[PDB]
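One structure below.
Numbers and lists here come from the model and the stated rules, or from a named source; these are not laboratory values. Because the Cβ atoms are built from the backbone with ideal geometry, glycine has one as well, and the counts that use them run over all protein chains shown.
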Amino acid sequence: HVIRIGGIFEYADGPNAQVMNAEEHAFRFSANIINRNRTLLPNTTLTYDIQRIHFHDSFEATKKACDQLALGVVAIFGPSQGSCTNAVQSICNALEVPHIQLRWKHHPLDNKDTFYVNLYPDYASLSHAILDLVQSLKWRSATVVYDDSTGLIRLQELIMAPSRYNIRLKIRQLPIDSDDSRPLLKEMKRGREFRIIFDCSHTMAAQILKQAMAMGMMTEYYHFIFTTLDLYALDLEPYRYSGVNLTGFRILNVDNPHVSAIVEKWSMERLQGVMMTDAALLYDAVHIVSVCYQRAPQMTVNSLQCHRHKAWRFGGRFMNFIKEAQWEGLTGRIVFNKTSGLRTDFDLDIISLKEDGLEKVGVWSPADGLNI
Amino acid sequence: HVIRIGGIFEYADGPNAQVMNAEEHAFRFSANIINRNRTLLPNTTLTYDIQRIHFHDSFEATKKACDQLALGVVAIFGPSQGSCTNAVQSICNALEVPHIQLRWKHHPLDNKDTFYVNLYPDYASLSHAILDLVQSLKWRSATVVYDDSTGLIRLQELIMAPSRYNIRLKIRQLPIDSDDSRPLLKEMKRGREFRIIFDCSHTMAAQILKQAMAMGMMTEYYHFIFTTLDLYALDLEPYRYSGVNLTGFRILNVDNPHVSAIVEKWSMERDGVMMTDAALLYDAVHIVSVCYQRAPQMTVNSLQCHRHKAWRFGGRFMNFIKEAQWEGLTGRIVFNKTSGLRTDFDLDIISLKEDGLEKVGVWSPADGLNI
Amino acid sequence: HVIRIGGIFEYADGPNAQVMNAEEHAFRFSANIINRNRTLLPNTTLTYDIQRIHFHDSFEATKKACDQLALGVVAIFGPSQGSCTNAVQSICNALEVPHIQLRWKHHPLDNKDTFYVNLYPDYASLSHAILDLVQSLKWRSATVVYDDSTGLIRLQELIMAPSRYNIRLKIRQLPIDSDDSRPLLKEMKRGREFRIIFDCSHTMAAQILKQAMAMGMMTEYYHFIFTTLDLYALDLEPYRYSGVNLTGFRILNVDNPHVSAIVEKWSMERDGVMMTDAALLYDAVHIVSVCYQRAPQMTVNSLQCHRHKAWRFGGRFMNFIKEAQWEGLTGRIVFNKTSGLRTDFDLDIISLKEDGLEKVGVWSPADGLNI
Amino acid sequence: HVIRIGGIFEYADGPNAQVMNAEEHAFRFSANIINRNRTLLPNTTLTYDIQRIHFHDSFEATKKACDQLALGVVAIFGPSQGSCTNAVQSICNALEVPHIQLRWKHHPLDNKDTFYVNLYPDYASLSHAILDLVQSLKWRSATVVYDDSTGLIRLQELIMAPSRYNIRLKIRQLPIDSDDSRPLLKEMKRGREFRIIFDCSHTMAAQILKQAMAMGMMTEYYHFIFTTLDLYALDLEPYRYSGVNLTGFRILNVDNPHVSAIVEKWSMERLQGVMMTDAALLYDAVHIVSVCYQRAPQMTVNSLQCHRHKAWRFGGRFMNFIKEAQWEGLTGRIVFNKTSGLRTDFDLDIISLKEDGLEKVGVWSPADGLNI
Ligand SMILES: *[C@@H]1O[C@H](CO)[C@@H](O)[C@H](O)[C@H]1NC(C)=O
Ligand SMILES: *[C@@H]1O[C@H](CO)[C@@H](O)[C@H](O)[C@H]1NC(C)=O
Ligand SMILES: *[C@@H]1O[C@H](CO)[C@@H](O)[C@H](O)[C@H]1NC(C)=O
Ligand SMILES: *[C@@H]1O[C@H](CO)[C@@H](O)[C@H](O)[C@H]1NC(C)=O
Ligand SMILES: *[C@@H]1O[C@H](CO)[C@@H](O)[C@H](O)[C@H]1NC(C)=O
Ligand SMILES: *[C@@H]1O[C@H](CO)[C@@H](O)[C@H](O)[C@H]1NC(C)=O
Ligand SMILES: *[C@@H]1O[C@H](CO)[C@@H](O)[C@H](O)[C@H]1NC(C)=O
Ligand SMILES: *[C@@H]1O[C@H](CO)[C@@H](O)[C@H](O)[C@H]1NC(C)=O
Ligand SMILES: *[C@@H]1O[C@H](CO)[C@@H](O)[C@H](O)[C@H]1NC(C)=O
Ligand SMILES: *[C@@H]1O[C@H](CO)[C@@H](O)[C@H](O)[C@H]1NC(C)=O
Ligand SMILES: [Cl-]
Ligand SMILES: [Cl-]
Ligand SMILES: [Cl-]
Ligand SMILES: [Cl-]
């Protein structure tokens, strides 16, 4: 028996890209592991259709989503952008095939699509986990530095802190033109802002650290908190002995033996090298959709046509399994809110930079709050 | 001769909707007025295709845009919500037909689409006017109250003020599960927050005023600023004798006699007012019509979204539209040539006195405030 | 006509070494430039013998010096390390051929050799400039960090300050078994030692800066002084925006246009810089050439170290060299007539600003500091 | 059987010197005793070649070292200066005949000669023995007065005291021009510096005492520590009753009967009168090299030529015996560090001036520290 899934990935070169990125590789990686796994889909071969497209091309994303639907798939692991994903989301809702999302995207409440889940930990919860950390460090003031216009929406639960708890916090945006953040850092330095929360990509975080050291802000006077769940992927050796306090989060359950086995195996496969959060969530996504097909009553992949009208009769029940799903993945205990389909409940590691290196100094969940 | 514009509008019932909404009306209304203007497209006839769809339905929007492109249009006037226009923009760009946009949309920098303009005043500029106004009242501390998450992304040049200036700024959000903003208001009142900025629709604004009064907050101790451009359209009679300071903006150039004439024609087809959406759509349709007249000869073509052919004269037309300069209902209209966004524009500043709401100044990105 | 200078240089592989080092290059480079200067030894041709030897090998040095004297030279340019030149100096003095020295050497008072000069600025004078600078920053307490034992003998006029002035001075040494100065740095940081003087090579200095930053000590709370004359040659871009105060000295007269011209020719044969060793060797070779031209007629002779004959014109030449006065790459050059040492010279004082490293003064044994 | 050793000694008059100095006499003295000793080299006559040269003449030192090497010797007891000795050291390393050193000399680490030992107690250890004394006297401050530029290098372990233990110490240099140290003593007196450590020759120490008494600093308010191991050779009778505290060291094991027998016999030989440290170390050196030749397997003295290339085949093994050597000499328990060849482990007497005269009030070694 053969079952098929669809993946759409964004590449700087679109369809012409010749070298495979980590998302797509993680995809192919997890499909292969499930096919060598004797306990999961033992008699079914999990195959895929992979489509490569330019960044920020909704139209192209629509064209490929329809192609895959015509080819027949049980789910579409939609594109990684926020604009491209809100087009495939609508299509998956019309044709009733599950859409799987890996990165935070804005879900307007007044938007009534239900045919999706989202594996990235919800930013409302993340904002709370940051607040519990900050209240625990006793900070009475702090600055929030975010990258793109979207940070304010992601951090709204955090920005509305002054009106609840007693912490005055300033708010600054990294330059849109340049990725030279020195002029900003000069302003924070002059402003004696010593406790800072940086919301931004692991890439941009590496830059900010390098440049904070150039500005003489990598000392015992400073405490940085990073929102990136890929903190453990930064080379922090050049900053290890400076004496800065540096704290962030980790959702990847490294303390678990079979997870470490998978991350090691993953890096052995890489040719460009750790497993970042993007790949780990996709590996978990492909597993949840597989595990769910197995517990779902027998269904078939149907060729659906976007211009046509027919929907997928099995979709509704399948989507329900996925939502109700609860599975232990690389990124720990996985579960979605049943109505929103968002991953608003999860477990975080609180990690902190020591001389000896990054160290797990606690944990957090929405129910138990902080625990150091 | 005949030119055809495509229009896509969003409804709660989708296509099934029975009644036109204000926007679709302002669309039909403005196409009709140019066909009667003998000084504008005199011997050419503007026509339109009109599609109705459900809110937040990009898939539907996609299909209707493609239907229209296959029909032959020189421009498409996209939906309102910010989710659908991402899809239609992308299409208009692949086939190179101008996409006219009327409401604020997030335009990521990474995004390389060029076949659009957007007639809504850029919120980065509105944010700057709001700062100029706050600092002009000499406010040292305020409270920013907003509605949908997207309000943040908009007022950002304002939220980042407590480090570009001496001002302390609390932040709150209207209830998402209700229209009952009373509980919030109790907390602002306890908080002794007297100077407040409300980002929200004119509808919400009317609800907020009525509830603010009920809460004992409509007095001379309070000063509210509204960012809604539709402020002048609210019934403020229940409030003008309370002592409250109430201030905001207006982009509809009502001072102009010819605008006032038009605002009257329209409101006689709708107290004798024309909202921003309607007036911006009216200005969009004119701008496109006038840029067609002005440009060289060109032909409309049927285009397939599955085929791979772009509109020949597309690029030529799109530049006429980006470079356009036009005195519309909403004042002088001009676009940033690079971004296609309306970052330069004029605002009238209005305020609530006993004699009623009145213009107590002006603003522009160049001159800032003038009173 | 032909004059011949002898050069002895030290290498890790000794004679076997394949690649020239900077010094031997600056030697060949400077002999070549005078042979092209028609205003200097116009109709006479400067040539050289060059010997390579192992570091710290006086026996080898002895043999090569003797080889060269038997070949016929008007001067010998001794090795770098301080162990070997004691031997070659003694030889040059017995046979009375000038020994040119380029690096600091201990010159015991009991020692009665007179056939040498030494172009390195005397460290007793450098020590005085370092005091003038410290007392000018109004430092009340510092920490002197040095590399090799010999650093002490050099900074002595500075170490003896806490009884010739009100200043309290801790003393530390870089690890001898490692280049990892981090552990030391931890102890200075705990010690709250913020004002620090580093005596060490430019290489070591670069290591120290990089490790100081890693240790969280490159900030506005710290002020480092470097005694290395090669400071202006370090890449300080990673550090100029941190706020650190960084100060030191420069004897290369880079302000002078003609020096800058030359520094450029050389670095195009090596970011476009010329270290002190290279520039001092260049000045030595000129000084000797110019003192030959200026002196009376004289002949080179083959001399045996086992025989007992001294160079006839030796003493006459040696006095021309000791009494020499010359504007070289390293500024005005002049020697103490008695000691043959360079105790009088000019220093530019440089400091690290955002705009980069720059000259914020000058110094000389006569006028002391001037800012 | 005849075996031969080489000695080079520095004389103010060089080769023309007619009156023999104490070093050279000690040399000739020990050779004679070994030749009358029935238990040490019973069947071998120890002969020598002695060369006299000017002070600070490396070239001359090289010429004589080569002459002796051509003549064939089993060791060369190199010249007493620091500049002259670092030339013979190199030669002995090339030709592989042991070089024997009697006085502290700078051994740059980056210098890779191995064909030498040095009998003077290492100054790093001496600095430690001084520190243990000072910490034991409870001094919280003190001045260090040294003579020639070299003192700082010899005393580095002591000068870096402030950053380890808690003792603030000033640092002053005796005048290079003059041996009139009164102007300096005036400055220390005015500066109320009462606890002083003088690093300098026994000759210069005698001068400083005489002049400290003239300056009225020879009282119960003052405590002087002298580094010179020749302290016992100073006439301290004029200062004995002043009440000053005056402490120094002694490596010459006087408490040993056969040592006193040798020192008495030595003074009986002198015509210019105690045995100073210079002569005693040379007597010990000549003995260690003899004792080592006897335990070494049979070897021969070879005529080596400096211009030639050949080295001495027996040298390496001989040098090894010498380094590994451990012998009780006039200067107590003798042993070298096997890699450095320096005498960094030894035993000191702590002596102090009383009314009744100089008295042994304790002992010190690097392992046991101080013991009073
Ligand atoms: C097989 O799949 C099961 C169920 O998810 C998982 O627990 C197990 O680790 C997998 N085995 C291997 C070795 O892949
Ligand atoms: C850094 O952490 C330490 C100890 O964990 C804390 O005492 C200190 O306040 C922190 N630094 C800042 C600037 O908060
Ligand atoms: C799940 O999300 C929904 C939709 O926002 C929310 O109303 C509900 O409170 C959540 N369920 C629970 C019990 O957390
Ligand atoms: C209302 O406006 C008046 C002046 O126009 C000002 O004096 C007063 O302070 C304002 N009210 C508040 C609470 O700011
Ligand atoms: C148009 O807008 C962009 C983006 O905000 C801005 O950077 C640029 O200055 C504007 N272009 C011109 C030439 O005015
Ligand atoms: C750095 O230099 C400035 C003035 O140039 C001085 O005020 C400051 O104290 C210096 N830093 C230290 C730690 O001495
Ligand atoms: C040369 O140097 C010596 C030694 O430092 C010094 O004493 C003397 O004053 C100098 N000679 C002259 C005449 O300048
Ligand atoms: C003979 O030499 C031995 C061994 O060093 C020594 O112990 C003894 O004192 C010597 N005897 C005499 C009287 O010289
Ligand atoms: C001299 O020694 C005595 C007793 O041994 C001691 O009490 C006194 O403090 C010493 N003098 C000085 C100046 O240290
Ligand atoms: C002997 O000296 C060597 C060379 O400096 C040193 O490394 C070693 O620690 C010493 N040996 C011992 C065990 O004292
Ligand atoms: Cl199966
Ligand atoms: Cl109303
Ligand atoms: Cl460098
Ligand atoms: Cl025998």
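Please specify each residue of the range C:224-238 satisfying the condition of being within 14 Å of chain A (Cβ to nearest Cβ) and either within 27 Å of C:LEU280 (Cβ to Cβ) or in contact with a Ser or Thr (Cβ under 6 Å, 6 or more places away or on another chain) (or both). Break it down into steps so the answer makes sense when it comes.
First pass over the range C:224-238, keeping only residues within 14 Å of chain A (Cβ to nearest Cβ): C:224, C:235-238.
C:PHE224, C:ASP235, C:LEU236, C:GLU237, listed by residue number.
Considering only residues of the range A:209-224 that are assigned to a loop (DSSP other than H, G, I, E, B) and buried (at least 23 other Cβ atoms within 10 Å of the Cβ), which is farthest from the other protein chains (Cβ to nearest Cβ)?
Keep residues of the range A:209-224 that are assigned to a loop (DSSP other than H, G, I, E, B), which gives A:215-222.
From the residues that got through so far, the ones that are buried (at least 23 other Cβ atoms within 10 Å of the Cβ) too are A:216-218.
Details: A:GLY216: 4, A:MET217: 8, A:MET218: 6 Å.
Among those that are assigned to a loop (DSSP other than H, G, I, E, B) and buried (at least 23 other Cβ atoms within 10 Å of the Cβ), it is A:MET217.
For the range A:74-87, which positions are more than 10 Å from chain B (Cβ to nearest Cβ) and in a loop (DSSP other than H, G, I, E, B)?
If the condition is that a residue be more than 10 Å from chain B (Cβ to nearest Cβ) and in a loop (DSSP other than H, G, I, E, B), then A:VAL74, A:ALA75, A:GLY78, A:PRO79, A:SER80 are the ones that fit.
For the subset of the range A:225-251 comprising residues that are more than 14 Å from chain C (Cβ to nearest Cβ) and part of a loop (DSSP other than H, G, I, E, B), which member is surrounded by the most Cβ atoms within 10 Å (Cβ to Cβ)? Lay out the reasoning, then the answer.
Here is the first cut: in the range A:225-251, the residues more than 14 Å from chain C (Cβ to nearest Cβ) are A:225-234, A:247-251.
Within this subset, residues satisfying the condition of being part of a loop (DSSP other than H, G, I, E, B) are A:227-230, A:234, A:251.
On the way: A:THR227: 26, A:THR228: 22, A:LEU229: 24, A:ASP230: 23, A:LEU234: 20, A:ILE251: 23.
Ranking the qualifying residues of the range A:225-251, first place goes to A:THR227.
Can you confirm whether B:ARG316 is under 30 Å from B:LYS63 (Cβ atoms) and more than 16 Å from ligand 2 (Cβ to nearest atom)?
So B:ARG316 passes the test.
Would you tally the residues in the range D:297-347 being under 30 Å from D:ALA367 (Cα atoms) and assigned to a loop (DSSP other than H, G, I, E, B)? Explain how you work it out, then say what you get.
From the range D:297-347, those under 30 Å from D:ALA367 (Cα atoms) are D:317-347; that's our starting set.
Still in the running and assigned to a loop (DSSP other than H, G, I, E, B): D:325, D:330-331, D:336-341, D:344-347.
Counting residues in the range D:297-347 that are under 30 Å from D:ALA367 (Cα atoms) and assigned to a loop (DSSP other than H, G, I, E, B) gives 13.
Consider the range B:47-79. How many of its residues are surrounded by fewer than 22 Cβ atoms within 10 Å (Cβ to Cβ) and out of contact with any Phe, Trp or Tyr (no Cβ under 6 Å at 6 or more places or on another chain)?
Going through the range B:47-79 one residue at a time, the tally reaches 13.
Which residues, taken from the range C:169-183, are more than 7 Å from chain D (Cβ to nearest Cβ) and crowded, with 19+ Cβ neighbours inside 10 Å? Let's see the steps before the verdict.
Start the filter on the range C:169-183 by keeping residues that are more than 7 Å from chain D (Cβ to nearest Cβ), which leaves C:169, C:174-175, C:177-183.
Passing the criteria: C:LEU169, C:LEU174, C:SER181.
Do the conditions hold for A:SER290, that is, is it of a type in the set (S, T, N, Q) and closer than 23 Å to A:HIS25 by Cβ?
Yes, satisfied.
From the list C:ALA75, C:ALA31, C:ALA70, which residue is more than 9 Å from chain D (Cβ to nearest Cβ), aliphatic (A, V, I, L, M) and over 22 Å from C:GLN293 (Cβ atoms)? Steps first, please.
Details: C:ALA75 fails: over 22 Å from C:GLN293 (Cβ atoms); C:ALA31 fails: over 22 Å from C:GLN293 (Cβ atoms).
When all the criteria are applied, what remains is C:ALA70.
Residue-wise test of (1) more than 14 Å from every other protein chain (Cβ to nearest Cβ); (2) within 16 Å of ligand 5 (Cβ to nearest atom); (3) assigned to a helix (DSSP H, G or I).
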site: D:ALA12; (1), (2), (3): no, no, no
site: D:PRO15; (1), (2), (3): no, no, yes
site: D:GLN18; (1), (2), (3): yes, no, no
site: D:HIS25; (1), (2), (3): yes, no, yes
site: D:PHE29; (1), (2), (3): yes, no, yes
site: D:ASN32; (1), (2), (3): yes, no, yes
site: D:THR39; (1), (2), (3): yes, no, no
site: D:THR47; (1), (2), (3): yes, no, no
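For every residue, the table says whether it meets (1) more than 24 Å from the chain's Cα centre (by Cα); (2) over 17 Å from D:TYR222 (Cα atoms).
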site	(1), (2)
D:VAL145	no, no
D:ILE153	no, yes
D:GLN156	no, yes
D:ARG192	yes, no
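I'm checking my understanding of the structure. Among residues of the range B:90-118 that are in a helix (DSSP H, G or I) and facing chain A (nearest Cβ under 8 Å), which one is surrounded by the most Cβ atoms within 10 Å (Cβ to Cβ)? Before you say what the answer is, go through the steps one by one.
Initial filter on the range B:90-118 (in a helix (DSSP H, G or I)): B:90-94.
Filter once more, so that each one left must be facing chain A (nearest Cβ under 8 Å): B:90-91, B:93-94.
On the way: B:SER90: 27, B:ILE91: 25, B:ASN93: 23, B:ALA94: 20.
Step by step, filter the range B:90-118, then rank; the result is B:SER90.
Hey, could you check the range D:330-341 for residues that are of a type outside the set (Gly, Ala, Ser) and away from chain C (no Cβ under 14 Å) and say which is nearest to ligand 4 (Cβ to nearest atom)? Spell out how you get there, then give the answer.
Residues of the range D:330-341 of a type outside the set (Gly, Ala, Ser): D:330-331, D:333-339.
Of the ones still in play, those that are also away from chain C (no Cβ under 14 Å) are D:330-331, D:333-338.
Values: D:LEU330: 100, D:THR331: 95, D:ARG333: 93, D:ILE334: 95, D:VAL335: 91, D:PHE336: 90, D:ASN337: 85, D:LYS338: 88 Å.
Only one residue fits best here, namely D:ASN337.
Any residue at all in the range C:59-67 that is over 25 Å from D:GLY82 (Cα atoms), within 12 Å of another protein chain (Cβ to nearest Cβ) and in contact with a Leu (Cβ under 6 Å, 6 or more places away or on another chain)?
Filtering the range C:59-67 down to residues over 25 Å from D:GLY82 (Cα atoms) leaves C:67.
Now drop any that are not within 12 Å of another protein chain (Cβ to nearest Cβ), which leaves C:67.
Add one more test, that the residue is in contact with a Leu (Cβ under 6 Å, 6 or more places away or on another chain), and what stays is none.
The answer is no, given that none of the residues of the range C:59-67 is over 25 Å from D:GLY82 (Cα atoms), within 12 Å of another protein chain (Cβ to nearest Cβ) and in contact with a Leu (Cβ under 6 Å, 6 or more places away or on another chain).
Pick from A:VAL274, A:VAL286, A:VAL254: which is under 21 Å from the mean Cα position of the chain (by Cα) and in a helix (DSSP H, G or I)? Even if it seems obvious, please write down each step before you answer.
Working: A:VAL274 fails: in a helix (DSSP H, G or I); A:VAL254 fails: in a helix (DSSP H, G or I).
None of the other options fit; the residue is A:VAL286.
Checking the condition away from ligand 7 (no atom under 16 Å from the Cβ), within 30 Å of A:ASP235 (Cβ to Cβ) and not assigned by CATH to the domain that holds A:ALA129, which residue from A:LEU330, A:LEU370 passes?
On the way: A:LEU370 fails: not assigned by CATH to the domain that holds A:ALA129.
That would be A:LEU330, the only listed residue that is away from ligand 7 (no atom under 16 Å from the Cβ), within 30 Å of A:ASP235 (Cβ to Cβ) and not assigned by CATH to the domain that holds A:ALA129.
B:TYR221 versus (1) in contact with a helix residue (DSSP H, G or I) (Cβ under 9 Å, 6 or more places away or on another chain); (2) away from chain A (no Cβ under 14 Å): which is the lone unmet condition?
(1)
Can you list the helices (runs of 4 or more DSSP H) found entirely within the range B:156-245 that contain at least 2 residues being under 17 Å from B:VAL145 (Cα atoms) and in contact with a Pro (Cβ under 6 Å, 6 or more places away or on another chain)? Before the answer, list the steps.
Details: elements: B:156-159, B:182-190, B:202-214.
So the answer is none; nothing clears 2.
Please determine whether any residue of the range D:133-156 is surrounded by fewer than 19 Cβ atoms within 10 Å (Cβ to Cβ) and of a type in the set (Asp, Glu).
no
Any idea which residue in the range B:178-221 is farthest from ligand 6 (Cβ to nearest atom), counting only those that are aromatic (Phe, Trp, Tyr) and over 28 Å from the mean Cα position of the chain (by Cα)? Before you say what the answer is, go through the steps one by one.
First, pick out the residues of the range B:178-221 that are aromatic (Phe, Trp, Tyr): B:194, B:198, B:221.
Filter once more, keeping what is over 28 Å from the mean Cα position of the chain (by Cα): B:194, B:221.
Numbers: B:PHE194: 44, B:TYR221: 49 Å.
By that ranking, first place goes to B:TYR221.
Can you work out which of the residues in the range C:119-150 that are touching a helix residue (DSSP H, G or I) at 6+ places or on another chain (Cβ under 9 Å), outside any strand (DSSP E or B) and facing chain D (nearest Cβ under 9 Å) is farthest from C:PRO365 (Cα to Cα)?
The residue in question is C:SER149.
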